[PDB]
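[1] here is my input, please return the structure:
(5 chains)
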Amino acid sequence: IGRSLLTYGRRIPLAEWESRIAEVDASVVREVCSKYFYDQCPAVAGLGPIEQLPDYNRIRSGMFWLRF
Amino acid sequence: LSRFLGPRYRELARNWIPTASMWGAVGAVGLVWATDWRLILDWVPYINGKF
Amino acid sequence: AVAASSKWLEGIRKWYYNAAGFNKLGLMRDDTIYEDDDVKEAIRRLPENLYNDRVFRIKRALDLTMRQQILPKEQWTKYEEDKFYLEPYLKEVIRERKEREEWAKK
Amino acid sequence: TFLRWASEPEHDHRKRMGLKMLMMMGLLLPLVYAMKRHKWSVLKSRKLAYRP
Amino acid sequence: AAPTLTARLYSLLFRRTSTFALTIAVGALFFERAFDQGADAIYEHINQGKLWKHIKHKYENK
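    Residues are numbered from 1 along each chain as shown, chains lettered A, B, ... in the order given. Take a look at the structure below.
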């Protein structure tokens, strides 16, 4: 109750969350996944023993297929 | 056969008929340039590569 | 042979150390030795606070040359504080080969 | 002027492909350079600190 | 911060990987169209009144 009121107001009952889960579909997931993931630059952190970690070129070039 | 029967392989087929169609289109058009195929080189008068 | 004129000779010893440029890239002398099989065993006898220093010096002083600068002039390894930290671990591997050899011979 | 032409008639058909080679090349080659720079530009920006 | 041509171009036809490969095809059609003339005109203007096409007008169609 403390955060749900310090970040919006309006504690949002369980029924209101539930009605937002009856309207997700395969196309919606497709669109948002395409928007936020496809051909973007990530951030990477690693702590030893890390010598087989592939480079930034070969990690960046895994962020888009070439067939599609 | 029965290992491949289902809706998911037909769905992958209808999903990748873009892949097959573009693959075949590019291959067919490239087969015109490669062998100096004049017979389709004329279907478009825009490539006047024959001197 | 000579002693009084050897003070002249010491001078040329300062000249050559300035001609070869391993001080300019941040190295010490013993970092630039060719590692045949007598020097592949006197490196595996180092203490692990001197082994790691030699790794960091070489990895920094090898990426300068794919970038093609050098390092600031105050940073050059000075002549007299250079360290021969590997002469003693090497004038023992050689001294024990020679021995297996007089054995087999005679 | 007649005799040299008889000794080598490919003069006139040579200096024209020797000209449609420079113009075409002289603009594709400045491209390859740029794609190069991209790739090698991952590695000229790293800092390398030591902490025992 | 007004966008440049690059942002709208990438929104239009570059982030598809099914569009990108094509327009490479396109330049050669355009290049083929615009390059024979661009080289032939300059070569012919460099040296005029000196090749048979500039002399054939004496003997052509009587």
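[2] now do the same contact list for the residue most central in space within chain C.
    By C-alpha atoms, centre = their mean, chain C has its centre lying nearest to residue C:30, at 1.2 Å. Taking C-beta atoms under 8 Å, 6 or more residues apart in numbering or on different chains, we find residue C:30 in contact with C:83-87. For every residue, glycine as well, the C-beta is placed using N, CA and C.
[3] so residue E:22, which of the three states?
    helix (DSSP: H, G, I helix; E, B strand; the rest coil).
[4] and the gap between residue E:22 and residue D:38?
    22 Å (C-beta to C-beta, to the nearest Å).
[5] more neighbours: which of these two?
    residue E:22 (12 against 9; other C-beta atoms under 10 Å in any protein chain shown).
[6] show me the contacts for residue B:31.
    residue B:37.
[7] could you look up the SS state of it?
    helix.
[8] okay, it and chain E: tell me how far apart.
    Between residue B:31 and chain E the computed distance is 15 Å (C-beta to the nearest C-beta, to the nearest Å).
[9] how many residues are close by residue C:86?
    20.
[10] repeat that for residue C:54.
    17.
[11] in what helix or strand does the residue of chain B found nearest chain A lie?
    For chain B and chain A, the shortest gap (C-beta to the nearest C-beta) falls at residue B:19, measuring 6.1 Å. Taking DSSP states H and E as the definition, residue B:19 sits inside helix B:7-34.
[12] which of the residues in that helix are buried?
    B:22, B:32 (16 or more other C-beta atoms under 10 Å in any protein chain shown).
[13] show me what counts as buried in the next helix or strand after it.
    Downstream of helix B:7-34, the first helix or strand assigned by DSSP H and E is helix B:38-41. By neighbour count with 16+ other C-beta under 10 Å, helix B:38-41 contains the buried residues residue B:41.
[14] which of the contacts of residue C:30 are buried?
    Among these, those buried by neighbour count (16+ other C-beta under 10 Å) are residue C:86.
[15] mind listing which of the contacts of residue C:30 are in helices?
    Here DSSP state H is the test, and these give residue C:87 as lying in helices.
[16] near chain A, from the contacts of residue C:30?
    Restricting the contacts of residue C:30 to those touching chain A (C-beta under 8 Å from any C-beta of the partner chain) yields no residues.
[17] so which residue is dead centre in chain D?
    Nearest to the mean C-alpha position of chain D, counting by C-alpha atoms, centre = their mean, stands residue D:29 at 4.2 Å.
[18] hmm, who's touching the host helix or strand of that one?
    According to DSSP H and E, residue D:29 maps onto helix D:22-40. Residues from elsewhere that reach helix D:22-40 (C-beta under 8 Å, 6+ apart): A:57, E:35, E:38-39.
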